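Asker: Model the structure of this input:
(one chain, ligands or ions: 1)
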Amino acid sequence: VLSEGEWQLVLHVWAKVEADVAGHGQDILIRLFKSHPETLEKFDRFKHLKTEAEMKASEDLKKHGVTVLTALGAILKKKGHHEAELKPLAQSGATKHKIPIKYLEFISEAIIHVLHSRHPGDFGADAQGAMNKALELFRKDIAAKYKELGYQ
Ligand code: HEM
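Answerer: Numbering: from 1, shown residues only. Shown next is the protein structure:
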């Protein structure tokens, strides 16, 4: 559980991401692929992407990055009341994609990194801790939904 004041920092931050979803989107994913390349394997559509530059130029990637932030965003504004929203993601990752929780951790890290790089002044320790929590609550919820479906 997050305190109200924590939710706010999370949401205070999200507002900045929301000003350039696509842009936050690509940095996030490129960082992820870059830092944990094995994650690139889940994506048949992106595996032919050999460099940053080509990653950046990919429209599919960029679209995919908006889809991600968009979805994450709906969850964060639910402030912990996200079952409905969460359910479909646990399902597809348990059943179609098989995304391990670890892959979720990685991603959480890229998020953090991208926010800290782009919004230093709005992402100090306090807000950062708050974002970490929020991300943790998401991963914990999903993990439980995964087990309930037979995955993990
Ligand atoms: C912040 C956490 C994430 C969110 C909100 C998120 C959201 C989504 C959404 C909305 C889709 C499209 C619908 C669906 O297939 O479920 C998607 C698709 C997918 N996600 Fe994720 N995702 C996250 C993390 C990841 C991670 C870490 C991976 C793999 C390392 C991943 C792999 C996939 C794949 C393979 C698909 C299929 C999309 C396509 O190719 O059409 N997702 N993700």
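Asker: which parts of the protein sit against the ligand?
Answerer: Taking Cβ under 6 Å from any ligand atom as the contact definition, the chain meets the ligand at 39, 42-43, 45, 67-68, 71-72, 89, 92, 97, 99, 103-104, 107. From N, CA and C alone the C-beta is placed, and that goes for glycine too.
Asker: mind listing what residue 147 touches?
Answerer: Neighbour list for residue 147: empty [criterion: Cβ atoms under 8 Å, 6 or more residues apart in numbering].
Asker: Remind me which helix or strand it belongs to.
Answerer: Here residue 147, judged by DSSP states H and E, is contained in helix 125-148.
Asker: Which parts of that helix count as buried, going by neighbours?
Answerer: Buried residues in helix 125-148, counted by 16 or more other Cβ atoms under 10 Å: 127, 130-135, 137-139, 141-143, 145-146.
Asker: in the protein, what residue is nearest the ligand?
Answerer: Nearest to the ligand in the chain, going by Cβ to the nearest ligand atom, is residue 92, at a distance of 3.3 Å.
Asker: about what we covered before: which of the residues of the chain next to the ligand fall within strands?
Answerer: In strands, defined here by DSSP state E, there are no members of the residues of the chain next to the ligand.
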